[PDB]
Every structure is written in C-alpha cells, then in structure tokens.
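This document starts with one chain, in the form deposited in one PDB entry, laid out as structure tokens.
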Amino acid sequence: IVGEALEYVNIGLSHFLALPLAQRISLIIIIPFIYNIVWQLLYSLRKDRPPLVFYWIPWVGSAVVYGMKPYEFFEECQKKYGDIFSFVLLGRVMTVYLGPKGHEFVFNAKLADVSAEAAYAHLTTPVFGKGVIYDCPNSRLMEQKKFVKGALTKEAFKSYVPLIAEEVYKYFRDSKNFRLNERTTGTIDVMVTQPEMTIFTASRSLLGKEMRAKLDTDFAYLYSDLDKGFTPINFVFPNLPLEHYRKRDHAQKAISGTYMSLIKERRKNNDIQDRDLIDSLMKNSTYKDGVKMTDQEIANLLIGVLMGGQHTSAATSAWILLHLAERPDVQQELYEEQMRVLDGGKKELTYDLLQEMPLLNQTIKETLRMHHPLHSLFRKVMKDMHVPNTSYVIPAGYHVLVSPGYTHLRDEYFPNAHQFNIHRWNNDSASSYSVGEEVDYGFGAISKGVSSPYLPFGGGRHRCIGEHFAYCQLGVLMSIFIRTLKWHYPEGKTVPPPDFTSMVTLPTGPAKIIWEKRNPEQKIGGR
C-alpha cells in the first residue's frame, strides 16, 4: 500500500537526520554531486537547449579552464558541439555563440531581451561610483556615452595630439625606465612603462593639466589602489572586509573627491572653457528628461571612462611593442612611413598627418586583431530568446557570452591567423568602418549590422566610443617610439602568452624589451 510507503518516507527522513555527523557531511557533499550529474544527463535530451559542457563540480562548473584558457576552451567546445553551447561558471549558466552570427545574436540583441548592466554592475559600480555606466538604466548610459563623445571630436583630437606628444617626450626624458638624455640603451618591462605612459597621456588630454599635475604627487598611489579593485574577483566577491576592498573604496572617494573639487572650483570662478572632458561634461551633462548629472556622477563617469580606456590602451600598447620587438622589418617599414609623411622629421606631428600614416594604423589594427583586450563580453538574459534557425531557446536567468576576439584568431576569417601581418590590412587601414545602414541608440550613428568577423570595439548599443581616442593616443605614442627608438628582445625571448585572468588580456609578465636610441646624441629639452 502507498500509505505504508509514505510512513517509511517519514521514517527514512528521521533516520537520515539521525546519521553519524560524518555521513551527514558526506551526504551533504555526495547528494548535490550526484544530483548535478543526473541533472545534466537529463538536460541532454532537451533539444530546445544548446549543448551544455559537462562538468564534475557543482556551482564551479568549467570556471578553471575558462578562466585560464578561454579560447582553447571555446575551440574544443566548438569542434564538439558547433558554434552554440552553454557552460556553467561559478553559479551562472553561460550560453556562448561563436562567430559572426554570435556577434549578431548578442551585440544586436533587443533591449528587452538582454541586460549589460545586470551582468557588470557588481564589477564596475564599486570601482567607478554610483549613478553612472552600469549603475543606472540603459537610457542614462546612452546619454552618458553621448556626453563623453562631445569631447571626442576631430577638433579635440587635433588639440590632444601635441599634448600627448609632449607627455611621451617628457616620459622618455624623466622616467627611470628611459632617461634618454643620459642613456642610449636600456631594458624595460612594458607592463611597467605602458600603463604609466597611458595614464600620463590620457590624463593630460582628457582630464587636463590640473589632474595631470596630480600624478606628480603621491596622489598617484590612489589610482593604483583604485586600479586594484578592477578585477574579475569582484564578479564573485564585490565586497569583502579585506584591506584590498577598503583601499579601493577610499581611492574612489579621494579621486572623485579631487575631480569634484576641480569641478566646483571651475564653476565658482566661471572658468569653464573647451580644454578637456571635464569642461565638456560641465557644459553638456543634462539628460533628455532635464535631470542634470551631479558633480559626483560626473566625477564617477570620468573615473570609469578613464579607467576602462586605461586598461585597453595600455595592454594594446604593450602588445604592439612586443610584436614589433621581434620584427625589425616592420619597425623599418613604419620608420620609412614616418620619414615620408613628416618630411624627415621636419614636420611636426598633427592629427591630420596621423591619418596619412596607414601602416602605423594597420599595425594597431593588426595588434587588436591578435589581442582583443576583452576576450568575452556578457549580457544577462532577461526574456526567453529563440535562437534563429535552431530549436534552441535561451531562458531568462541565463547569460549570453560573445567573443569577437576568438573569431579574430580563426584562419577561416583571417588566413594564418596566428601570424602578425600588418599588410593583411592594405587599403583597409581605418580603425573600423560602417559600410551599410546605420542606426542611433543615443550616442551617434553607428553600423546597424554587427556581423563583421573583426570587432575590436564591439557593436550595437554598447559599442565603444573611445575607438578614435585610442587610435589617436596609440598613434602619437607609436609614431614617437618608432621615430626615437629601435627595440628587440633579450636573448632567447619572444612574444609572451596572454594572461587571460585579469580584466583585460594583458601580456604575461615580466615582458621585457631592450631599447636603443636611433640618434644617441638627440636630447629632449624642457625642465
């Protein structure tokens, strides 16, 4: 009888609760372990679900292999399952869609279907501050992107180029890593030099002279603290009572506090011009519903834009130098282009002349092909999504993962994809280019289609707005490096593997190059 069965359930329940504590703990471990395996096996027959990568440890999932070797992971998954597959990652289910159709599925996904801010808020909000970027609705982000873009005009770039050039020269002159007036050769770690050059140049141009001057003080130490909070660990542990987390928060307060002081000081003196992004945001930061950004939110947006731009550009800078260190042929070819465009060095570098340097820009383009600083972009799925031409349905609660950087490294789309060749971009040296219909999400007309196999800057509503600033900064920086120095690897060394575990895919350190002055007698003037 079924009556007597229900009795033995209750009996079994009471015997269960009365087990020796060791077997209880063991059952605490074995039961969800067994349940997990059984759940996957069952999930398999679901043909309205993409294949799920098998994993042994519950919650953890494929985190370790994804965390350490994401492209090798994607490649293995791809030839087993094809272009669409899911995997468990630290409690989340990630649905990957590789290739151009994946680019379309995720970057062009409707606003109602996916949320970037739900994916990233816990990473970024504690670092940047409240009320901006991912700590706000999408419509607010769109307009923040529009506000920042107002300091990213052609006219702005024309003024930034000599400021950036000045900083590069000052760095060559003053940094312990160079001191070109005293040394004709030396060794550097590019993961030391490039983050420093990147912060000095980006500060001077986007933040202005005051904020640049601050980096000549121990205030510079706060950026390091803030920098240390920008880490994937925030995806698991956003806030922990350690000193790492307190130094982060303290820095965000002191740094935004500093920006606010400058802001309120400019407003008090009515000293608001068109010098920098701070000026720009002081004059142009009213949303379409008439609500103004607070001084705090302005400062916080400044932090995030600068920090995001910081890591992508520094990493890219580092890779350019690293690839060129074993390619004296490319160094030579870039140098000839410098001599031609700048009339033997007699012409001062300008933003317009930068545009007349196709090989230089192709080098940047090719470096971003081989080293997309962001190997995975995420969205949280908010409504059930049907996968076109499939029976797959991606349920709300899932995350979608797109990886243009993976496609960058596929021979199908880039022959001999693991060879560095700037000439694969001959007569195709633009940072990117819309060549079909365009669309405006709030921050300017951008390409409607996002099916290009090359997407260093993403696409759709979350597309990068720093692409031309990045080319301007990298361009000026590399133009001066090329014209000033040659460099090569220490004996036996080559391009290092990427460190896929940090927030951007930095080179594994220490990554050293040996530089030498092209003109040992050349001196850099100024104080």
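Superpose the two forms; the largest set of C-alphas matching within 1.5 Å is the rigid core. Residue numbers run from 1 along the displayed sequence.
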Superposing the other structures by the rigid core, the farther-displaced stretch by RMS over CA atoms in 5 other deposited structures of this protein, of 128 to 136 and 234 to 242, is 234 to 242
Could you say which moves further from this form in 5 other deposited structures of this protein, stretch 48 to 56 or stretch 23 to 31, by root mean square CA distance after aligning on the core?
-> 23 to 31
Report the stretch with the higher mean CA temperature factor, choosing between 458 to 466 and 30 to 38 on the basis of the entry.
-> 30 to 38
As stated in the PDB record, which stretch has the larger average Cα B-factor, 164 to 172 or 227 to 235?
-> 227 to 235
Highest recorded Cα temperature factor - choice among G436, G257, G208, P415 = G436
Top Cα B factor in the deposited entry, candidates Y489, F481, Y471, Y43 | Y43
Among the chain's modelled residues, which third holds the C-alpha B-factor of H386?
-> highest
In terms of the chain's CA B-factor thirds, is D428 lowest, middle or highest?
-> highest
State the tercile, meaning the lowest, middle or highest third, of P58 with respect to the CA B-factors recorded for its chain.
-> highest
Among all modelled residues of this chain, ranked by Cα B factor, put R369 in the bottom, middle or top third, i.e. lowest, middle or highest.
-> lowest
Which third of the chain does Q273 land in by C-alpha B-factor: lowest, middle or highest?
-> highest
